[PDB]
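Visitor: Have a look at this one.
Number of protein chains: 4
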Amino acid sequence: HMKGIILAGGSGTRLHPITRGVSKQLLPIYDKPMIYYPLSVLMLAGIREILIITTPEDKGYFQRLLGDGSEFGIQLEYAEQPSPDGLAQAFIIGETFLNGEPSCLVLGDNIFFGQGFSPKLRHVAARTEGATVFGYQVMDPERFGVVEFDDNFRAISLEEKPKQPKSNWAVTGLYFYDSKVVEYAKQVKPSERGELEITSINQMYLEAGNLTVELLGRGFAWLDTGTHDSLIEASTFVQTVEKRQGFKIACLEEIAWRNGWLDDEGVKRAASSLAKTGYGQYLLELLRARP
Amino acid sequence: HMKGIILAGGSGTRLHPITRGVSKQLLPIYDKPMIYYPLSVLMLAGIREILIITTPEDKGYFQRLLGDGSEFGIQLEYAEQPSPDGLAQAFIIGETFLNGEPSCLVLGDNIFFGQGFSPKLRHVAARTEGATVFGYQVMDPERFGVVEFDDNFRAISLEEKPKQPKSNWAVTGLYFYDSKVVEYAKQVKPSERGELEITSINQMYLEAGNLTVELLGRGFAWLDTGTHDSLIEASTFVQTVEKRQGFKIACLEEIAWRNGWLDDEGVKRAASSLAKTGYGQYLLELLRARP
Amino acid sequence: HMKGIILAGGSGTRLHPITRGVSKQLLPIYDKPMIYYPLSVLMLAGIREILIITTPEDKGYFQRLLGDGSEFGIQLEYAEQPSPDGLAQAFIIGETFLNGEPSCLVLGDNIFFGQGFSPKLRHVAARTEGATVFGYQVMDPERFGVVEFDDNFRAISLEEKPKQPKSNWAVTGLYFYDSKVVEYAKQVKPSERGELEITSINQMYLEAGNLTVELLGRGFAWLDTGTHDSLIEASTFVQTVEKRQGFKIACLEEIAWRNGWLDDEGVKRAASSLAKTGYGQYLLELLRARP
Amino acid sequence: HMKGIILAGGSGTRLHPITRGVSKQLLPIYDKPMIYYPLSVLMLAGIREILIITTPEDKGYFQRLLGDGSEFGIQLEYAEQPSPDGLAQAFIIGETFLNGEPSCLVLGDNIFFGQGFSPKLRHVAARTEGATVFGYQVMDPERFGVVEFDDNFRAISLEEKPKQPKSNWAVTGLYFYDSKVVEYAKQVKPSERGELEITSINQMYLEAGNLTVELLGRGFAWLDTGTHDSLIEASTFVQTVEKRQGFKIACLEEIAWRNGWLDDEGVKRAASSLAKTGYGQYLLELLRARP
Ligand SMILES: Cc1cn([C@H]2C[C@H](O)[C@@H](COP(=O)(O)OP(=O)(O)OP(=O)(O)O)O2)c(=O)[nH]c1=O
Ligand SMILES: Cc1cn([C@H]2C[C@H](O)[C@@H](COP(=O)(O)OP(=O)(O)OP(=O)(O)O)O2)c(=O)[nH]c1=O
Ligand SMILES: Cc1cn([C@H]2C[C@H](O)[C@@H](COP(=O)(O)OP(=O)(O)OP(=O)(O)O)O2)c(=O)[nH]c1=O
Ligand SMILES: Cc1cn([C@H]2C[C@H](O)[C@@H](COP(=O)(O)OP(=O)(O)OP(=O)(O)O)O2)c(=O)[nH]c1=O
Ligand SMILES: [Mg+2]
Ligand SMILES: [Mg+2]
Ligand SMILES: [Mg+2]
Ligand SMILES: [Mg+2]
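Chains as they are written, first to last, in the deposited numbering: chain A, 0 to 290; chain B, 0 to 290; chain B', 0 to 290; chain A', 0 to 290. A prime marks a further copy of an entry chain.
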């Protein structure tokens with residue numbers, strides 16, 4: 000049993016005219032609120048206790064949209080991050096929550112998708128001790144955090160915003176840790192930008208020499224929706240595969256269902272209140288079979 | 000001098016998993032909040048006094064995003080619609096605001112765009128006496144309120160979601176009314192659907208013979224963003240013409256500027272706070288010229 | 000060992016201004032000629048002897064683009080269909096070619112794609128006796144040939160463009176036949192539409208009780224590129240998953256390579272002559288591995 | 000009265016797996032063959048005598064698709080360019096055709112579109128003597144031909160593939176000349192790449208000091224469809240504005256019609272043979288009016 004956290008705060012300045020009003024994580028990726036995506040990841044990893052960190056201003060909107068999470072058969076807790084001081088701060092803010100157990104942090108503006116992702120997730124979630132990060136092959140390795148490594152990964156360097164070289168495997172917003180995490184967090188100096196950067200915490204695990212690295216292969220898709228254009232690419236992608244290939248991405252009630260987290264009765268209440276929606280029919284359709 | 004109102008409430012059920020958290024009118028059409036679009040219309044019509052009607056829950060989000068409107072050189076007032084009882088209700092709720100003057104109602108989920116649009120708005124705006132609705136040839140007449148008319152228009156009929164024929168021109172969410180408007184709305188009774196329909200207010204100017212129709216010809220684009228798919232079509236469209244043809248749609252500060260509503264100094268404060276955005280550079284670029 | 004045929008003729012009237020010049024099957028689905036797609040299917044089914052039936056006018060263009068097929072490690076033969084008299088005619092025209100062996104017909108304007116597809120093809124291919132058609136749940140049953148079936152399938156019926164009901168599974172342009180095939184095609188008479196329909200050949204295996212159905216489940220995508228809009232949907236789809244998920248669809252040299260049909264040396268000559276292309280680099284990249 | 004030429008040859012290597020079979024200019028930009036676009040430009044400029052230069056292999060396909068051009072009320076002549084030796088060669092190859100008159104060259108892979116383009120065209124086509132080129136604002140001024148200038152343009156430098164600076168106004172595939180053109184062409188040395196580059200000919204006019212420069216403003220869209228990705232952008236663009244804004248781009252019969260080049264009777268024969276197509280209905284619809 001492990002716990003999960005989702006950073007759903009931030010000022011989201013790069014989407015600015017828009018995020019001046021509503022939190023970036025409430026914006027839509029096709030037919031589902033953005034936060035539905037990072038959440039589904041944690042659920043595919045089999046994590047039911049999840050703390051969502053948001054700004055004081057957006058909180059009620061998230062609660063208004065997710066409630067206590069009982070609708071998805073999960074236990075949701077909320078916590079406010081007063082000012083956007085950096086990612087590492089999640090562990091400080093989430094100390095009392097994590098207690099002393101191991102965790103999983105997922106950035107709120109990240110979309111992940113590939114065949115047989117759930118397993119890969121579980122396996123890595125079977126690691127008591129250490130720290131795993133998920134790299135992805137980028138074409139623009141400068142404007143992304145890079146991680147080097149060799150057989151067994153281990154990682155030999157985590158040069159972020161490399162001034163010139165490194166490797167081309169960017170590290171995504173999917174992190175796994177262990178107890179020592181609240182520790183490393185408590186000691187972290189504000190970056191030039193001026194925020195407790197999660198990279199600093201990952202640095203420590205590298206030297207401590209227990210920073211394994213999970214490889215996200217070819218069939219895997221990864222996006223960091225935080226700019227006007229990437230927000231569109233994300234939407235268009237999900238819409239394309241959902242309509243073209245017949246399955247839904249980040250459909251929470253469906254993930255819960257199969258995970259035995261909620262009974263057919265539960266899925267039916269959901270599909271009903273969404274019946275007028277393509278998301279709802281997709282749910283009604285799962286309530287049967289073909290020849 | 001005329002006044003404008005924008006219906007920005009509603010339950011937005013057709014976009015449901017999403018609108019369970021944030022109002023539909025705060026969602027993005029590419030790089031701008033949806034409401035930026037109906038608003039720009041009123042501004043292109045030369046209207047500075049605008050009342051925005053929203054739900055009690057979303058209000059602060061709108062204020063948080065639009066303020067008093069001084070940033071766009073316009074006078075914004077807000078009012079709450081307790082429960083989504085229909086469109087005609089805007090005039091009831093907006094009585095004290097309209098006072099006795101003529102008005103312009105624009106639905107919050109409507110995107111309008113074409114060349115020469117404004118001149119067409121001013122002309123239709125310069126009228127003081129009657130009512131004015133715009134048609135657009137839809138391909139789904141059933142699913143739209145339709146206007147049959149004759150020479151000069153007038154409109155012999157106006158059948159709602161005509162389960163059968165009519166004509167193929169749908170009535171867009173753009174309307175112009177005179178003082179008799181608030182009078183009408185008070186005598187509208189709930190449709191079979193249970194809301195107070197704007198169509199009723201229109202069936203009244205029809206009979207009174209005071210109902211002119213304005214045709215949204217060929218080069219104009221019209222959308223009613225209220226479904227998951229139309230929300231994407233809208234976004235993709237604005238992104239395509241903005242990037243392909245070089246201008247911005249519904250860029251408020253730019254509309255204000257040319258309208259002499261705000262000085263270069265004003266446009267510069269804006270473009271600055273958006274500098275990290277494509278919307279911002281577009282603004283910086285207008286602050287000059289080419290050979 | 001089995002043989003395959005690809006119908007790549009037709010008048011392609013629905014894409015008309017365009018197909019007045021070039022055959023529909025030479026048009027592009029993103030970065031590859033349309034015909035590359037039906038072909039890859041046959042290759043994924045492990046079929047190396049393939050007859051391509053084209054019009055007399057387009058022939059040299061196909062040869063000019065595909066040659067004898069040695070570049071993809073396959074044996075290509077060509078044959079001309081004088082006039083577009085229907086699909087069943089492929090077996091007549093292809094008699095001398097098929098000889099007495101079993102076959103596989105794939106329409107030229109069909110795009111197929113899903114995970115685990117091949118294994119499914121081999122299994123359906125390993126059969127020697129009967130007939131095999133694939134269904135895909137369309138949303139437009141009228142506009143498609145449909146298959147009603149029961150447990151194991153069989154198919155109780157097969158109504159063409161059923162002006163009324165049936166089921167919602169459309170018969171894709173992928174078929175498997177045995178020697179009795181050419182026998183059937185000879186006794187097919189022209190439909191009301193005036194062509195010799197493949198459906199007729201199918202109605203014959205139905206009655207004979209030798210007609211199995213293969214369901215193209217959820218993760219599979221299917222398209223019939225023959226209209227201006229579906230041609231765009233297809234392109235946009237392949238481009239999206241290729242760029243989003245990192246693999247190439249219908250990349251012949253790559254299919255050949257893994258099938259042991261062509262050596263690394265072969266793949267390198269190809270990737271070289273395409274080096275200036277994204278298709279080429281994808282090939283160079285397969286010529287190695289990662290940690 | 001002036002003459003026009005369209006370079007529709009080339010090896011089109013950047014679209015390679017595809018162009019190994021069919022000429023790039025026969026590929027589709029949505030619902031119309033690519034060549035329909037450059038052609039429409041010449042027609043919007045009011046030019047009826049047009050020479051199309053193609054490869055020996057593609058010729059019959061173009062003829063098969065365009066005939067003598069009488070269907071669009073224009074006089075089409077064809078000429079073969081044996082080997083793709085460069086653009087300047089058009090004037091050599093087209094000497095006997097141009098005779099001694101002034102001309103207009105339009106590259107075959109260029110798509111142009113903006114409101115009030117036709118006028119701008121005509122005006123520039125009213126220039127006997129000199130040479131006009133059309134620049135467009137690019138964001139990637141390196142991989143494009145640049146042109147500097149000041150009041151009256153004149154152009155002060157034509158640095159192509161600038162190793163480092165210049166201006167950001169790329170020059171498009173739309174050129175206008177005068178007699179002295181066959182002259183300048185006859186004397187041109189093969190570039191490093193190894194082809195008679197049109198840029199070399201434009202150089203001469205700059206020094207001769209009679210190389211005016213037409214400015215393609217904001218609302219204008221320009222694309223150079225010669226790569227897999229730009230081919231898709233082009234299609235998606237045309238499809239978007241055509242469906243979103245209700246008009247057709249590069250609809251030849253319609254351009255002829257208004258130009259008085261072909262009578263209603265002619266447009267009706269066309270719309271008929273395309274009736275099953277969206278292009279055809281668009282034509283039937285122009286054969287009337289609304290209230
Ligand atoms: C900086 C910060 C980010 N976040 C969230 C926001 C994102 O979902 C995710 C990644 O941060 P970013 O992707 O940087 O998003 P952002 O909110 O910082 O906005 P921008 O950089 O464009 O101005 O982490 C917090 O929850 N708290 C924080 O202090
Ligand atoms: C019914 C109603 C709509 N509106 C707004 C919402 C829309 O922008 C616009 C048009 O109404 P709709 O487009 O119908 O939107 P909606 O909010 O009713 O949601 P849905 O029909 O999908 O369930 O009017 C109000 O502001 N108050 C209302 O009572
Ligand atoms: C009718 C016919 C089709 N074909 C091919 C064309 C297609 O790839 C495939 C399916 O036929 P269609 O998809 O019908 O294509 P088509 O060429 O008939 O053109 P349209 O219906 O739009 O006018 O079979 C032949 O090869 N020979 C034929 O006689
Ligand atoms: C080089 C050349 C190009 N053309 C045409 C092709 C194009 O429409 C246009 C522009 O040339 P390009 O855009 O360079 O096209 P291309 O055919 O050279 O192919 P690529 O560069 O990708 O390998 O001019 C000729 O007609 N004859 C020629 O000799
Ligand atoms: Mg981010
Ligand atoms: Mg609506
Ligand atoms: Mg077909
Ligand atoms: Mg080019």
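Cβ atoms here follow ideal geometry from the backbone N, Cα and C, with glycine treated the same way.
When Cβ atoms are compared, which residues of the stretch 7-21 of chain A fall closer than 8 Å to chain B?
Guide: Within the stretch 7-21 of chain A, the qualifying residues are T12, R13, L14, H15, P16, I17, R19, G20, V21.
Visitor: Between the C-alpha atoms of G45 of chain B and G20 of chain A, what's the straight-line distance to the nearest angstrom?
Guide: What you label residue 45 of chain B is simply residue 46 of the second sequence in a count that begins at 1. What you label residue 20 of chain A is simply residue 21 of the first sequence in a count that begins at 1. When rounded, the distance between both Cα atoms is 25 Å.
Visitor: In terms of residues, what are the limits of the alpha helix (DSSP H) holding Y183 of chain A'?
Guide: Along the fourth sequence, read from residue 1 onward, the residue named residue 183 of chain A' stands at position 184. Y183 of chain A' -> alpha helix (DSSP H) spans 179-185.
Visitor: With respect to the beta strand (DSSP E) encompassing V145 of chain B, which residues constitute its N-terminal and C-terminal limits?
Guide: Within the second sequence, residue 145 of chain B is the residue found at index 146, counting from 1. It spans 145-147 - the beta strand (DSSP E) in which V145 of chain B sits, taken as one unbroken run.
Visitor: Listing by chain order, which chain B' residues have their CB less than 8 Å from the CB of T239 of chain A?
Guide: Taking the first sequence and counting its residues from 1, one reaches residue 239 of chain A at position 240. Result: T235, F236, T239, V240.
Visitor: Which whole-angstrom value describes the C-beta separation of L214 of chain A and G134 of chain A, a residue pair presumed to lie in contact below a C-beta threshold of 8 Å?
Guide: For the purposes of this step, residue 214 of chain A is identified with residue 215 of the first sequence, where counting begins at 1. For the purposes of this step, residue 134 of chain A is identified with residue 135 of the first sequence, where counting begins at 1. Between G134 of chain A and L214 of chain A the Cβ distance is about 6 Å, and since that is below 8 Å, they are a contact.
Visitor: What does the alpha-carbon distance come out to for the pair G59 of chain B' and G72 of chain A'?
Guide: Counting from one through the third sequence, the residue named residue 59 of chain B' turns up at place 60. Counting from one through the fourth sequence, the residue named residue 72 of chain A' turns up at place 73. The alpha-carbon atoms of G59 of chain B' and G72 of chain A' are separated by roughly 31 Å.
Visitor: Measuring straight from C-alpha to C-alpha, what distance separates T131 of chain A and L104 of chain A?
Guide: Residue 131 of chain A sits at position 132 when you count from the first residue of the first sequence. Residue 104 of chain A sits at position 105 when you count from the first residue of the first sequence. Straight-line Cα distance between these residues: approximately 11 Å.
Visitor: Under DSSP, the beta strand (DSSP E) around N258 of chain A' begins and ends at which residues?
Guide: Translated into positions along the fourth sequence, residue 258 of chain A' becomes position 259. No beta strand (DSSP E) contains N258 of chain A', which DSSP labels as neither H nor E.
Visitor: Got a sec, what are the start and stop residues for the alpha helix (DSSP H) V137 of chain B sits in?
Guide: Here residue 137 of chain B is taken as the residue at index 138 of the second sequence, counted from 1. From DSSP, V137 of chain B is part of no alpha helix (DSSP H); its letter is neither H nor E.
Visitor: 8 Å is my cut-off, CB to CB: does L222 of chain A' come that close to chain B'?
Guide: Locating residue 222 of chain A' in the fourth sequence gives position 223, counting from the first residue. Output row for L222 of chain A': interface = no.
Visitor: Just list the alpha helix (DSSP H) runs in the stretch 200-268 of chain A', keeping only unbroken ones of 4 residues or longer that don't cross its boundaries, in chain order.
Guide: Counting only runs of 4 or more, we get 227-244, 251-257.
Visitor: Run through the stretch 68-100 of chain B for me and flag every whole beta strand (DSSP E) of 3 or more residues, listed as ranges in chain order.
Guide: Segments of the beta strand (DSSP E) lying fully in the stretch 68-100 of chain B: 74-79.
Visitor: Less than 8 Å separating the beta-carbons of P55 of chain B and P81 of chain B?
Guide: If you number the second sequence from 1, residue 55 of chain B lands on position 56. If you number the second sequence from 1, residue 81 of chain B lands on position 82. Contact flag set, yes.
Visitor: Quick check on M138 of chain B': buried or exposed, where buried means 16 or more other Cβ atoms within 10 Å of its Cβ?
Guide: Working through the third sequence from its first residue, we reach residue 138 of chain B' at position 139. Under this definition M138 of chain B' is an exposed residue.
Visitor: Which residues mark the beginning and the end of the alpha helix (DSSP H) in which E48 of chain B is found?
Guide: The residue labelled residue 48 of chain B in the question sits at position 49 within the second sequence. Not the alpha helix (DSSP H): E48 of chain B falls in the beta strand (DSSP E), residues 48-53.
Visitor: Looking only at its chain, what residues have a beta carbon closer than 6 Å to the beta carbon of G279 of chain A, apart from the 5 residues adjacent to it on each side?
Guide: Here residue 279 of chain A is taken as the residue at index 280 of the first sequence, counted from 1. If we look at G279 of chain A and ignore the five residues flanking it on each side, its Cβ neighbours are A270, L273.
Visitor: When you check each C-beta in the stretch 146-157 of chain B' against every C-beta of chain A, which residues fall closer than 7 Å?
Guide: Of all residues in the stretch 146-157 of chain B', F148, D149, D150, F152 have a Cβ within less than 7 Å of some Cβ in chain A.
Visitor: Determine the contact status of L64 of chain B' and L251 of chain B', defining contact as a CB-CB distance below 8 Å.
Guide: In the third sequence, the residue the question calls residue 64 of chain B' occupies position 65. In the third sequence, the residue the question calls residue 251 of chain B' occupies position 252. Result no, Cβ atoms of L64 of chain B' and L251 of chain B' do not sit closer than 8 Å.
Visitor: What residues sit near ligand 8, counting only those whose C-beta is closer than 6 Å to one of its heavy atoms, in chain order?
Guide: For ligand 8, the selected residues are A':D108, A':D223, A':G225.
Visitor: Of all the options B':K188, B':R192, B':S117, B':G265, which has the alpha carbon lying nearest to the alpha carbon of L43 of chain B'?
Guide: Along the third sequence, read from residue 1 onward, the residue named residue 43 of chain B' stands at position 44. When only C-alpha atoms are compared, the closest one is B':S117.
Visitor: Here's a check: name, in chain order, each residue in its chain whose Cβ is nearer than 6 Å to the Cβ of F112 of chain B, leaving out the five neighbours to either side.
Guide: Walking along the second sequence from the start, residue 112 of chain B turns up at place 113. For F112 of chain B, where only same-chain residues beyond five positions count, the Cβ hits under 6 Å are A220, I248.
Visitor: What do you get for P189 of chain A', buried or exposed, if any count of 16 or more other CB atoms within 10 angstroms of its CB means buried?
Guide: Against the fourth sequence, residue 189 of chain A' aligns to sequence position 190. Per the 10 Å Cβ criterion, exposed.
Visitor: Distance cutoff 8 Å, beta carbons only. Does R268 of chain A' sit that close to anything in chain B'?
Guide: Indexing the fourth sequence from 1 puts residue 268 of chain A' at position 269. Not closer than 8 Å to any Cβ of chain B', the Cβ of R268 of chain A' fails to qualify, so no.
Visitor: Please go through the same chain and pick out, in chain order, the residues whose beta-carbon is closer than 7 Å to the beta-carbon of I51 of chain A, but skip the five residues on each side of it.
Guide: The residue you call residue 51 of chain A lines up with position 52 of the first sequence. Excluding sequence neighbours, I51 of chain A sits near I5, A7, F61, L75, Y77.
Visitor: Which residues in the same chain have their Cβ closer than 6 Å to the Cβ of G3 of chain A, if we skip the five residues on either side of it in sequence?
Guide: For this step, residue 3 of chain A is matched to residue 4 along the first sequence. The residues are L41, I46, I49, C103.
Visitor: Should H227 of chain A go down as buried or exposed, given a rule of 16 or more other Cβ atoms within 10 Å for buried?
Guide: The sequence position of residue 227 of chain A within the first sequence is 228, counting from 1. So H227 of chain A counts as buried.
Visitor: Please say whether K185 of chain B and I91 of chain B have beta carbons closer to each other than 8 Å?
Guide: Along the second sequence, one-based indexing puts residue 91 of chain B at 92. Along the second sequence, one-based indexing puts residue 185 of chain B at 186. Their beta carbons are under 8 Å apart, which means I91 of chain B touches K185 of chain B by this criterion.
Visitor: So does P83 of chain B have its beta carbon nearer than 7 Å to some heavy atom of ligand 2?
Guide: Mapped onto the second sequence, residue 83 of chain B falls at position 84. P83 of chain B: yes, Cβ under 7 Å from ligand 2.
Visitor: Taking C-beta pairs closer than 8 Å, name the residues in chain A' that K31 of chain B' reaches, listed in chain order.
Guide: The residue you call residue 31 of chain B' lines up with position 32 of the third sequence. Going along chain A' in sequence order, the residues near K31 of chain B' (Cβ under 8 Å) are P16, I17.
Visitor: Quick check: is any heavy atom of ligand 1 less than 7 Å from the C-beta of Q74 of chain B?
Guide: Taking the second sequence and counting its residues from 1, one reaches residue 74 of chain B at position 75. No, since every heavy atom of ligand 1 falls outside the 7 Å radius drawn around the Cβ of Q74 of chain B.
Visitor: Helix, strand or coil for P118 of chain B' per DSSP?
Guide: Reading the third sequence from its first residue, position 119 is the one you call residue 118 of chain B'. Here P118 of chain B' sits in helix by DSSP.
Visitor: Is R142 of chain B close to chain A'? Criterion is C-beta to C-beta, closer than 8 Å.
Guide: As a first step, residue 142 of chain B is located in the second sequence; it is residue number 143 there, counting from the start. No, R142 of chain B does not count as interfacial toward chain A'.
Visitor: With respect to 7 Å, is the separation between the Cβ of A7 of chain B and the closest non-hydrogen atom of ligand 2 below this value?
Guide: Along the second sequence, read from residue 1 onward, the residue named residue 7 of chain B stands at position 8. For ligand 2, at least one heavy atom lies less than 7 Å from the Cβ of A7 of chain B.
Visitor: Please name the residues in the stretch 242-260 of chain B whose beta-carbon is closer than 8 Å to at least one beta-carbon of chain A', in chain order.
Guide: Under the 8 Å Cβ criterion, the stretch 242-260 of chain B contributes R243, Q244, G245, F246.
Visitor: With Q114 of chain A' and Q238 of chain B assumed to form a contact (beta carbons below 8 Å), what rounded beta-carbon distance in angstroms separates them?
Guide: Residue mapping note: residue 114 of chain A' aligns to position 115 of the fourth sequence, counting from 1. Residue mapping note: residue 238 of chain B aligns to position 239 of the second sequence, counting from 1. Not quite, the Cβ-Cβ distance comes to about 19 Å (not below 8 Å), so this is no contact.
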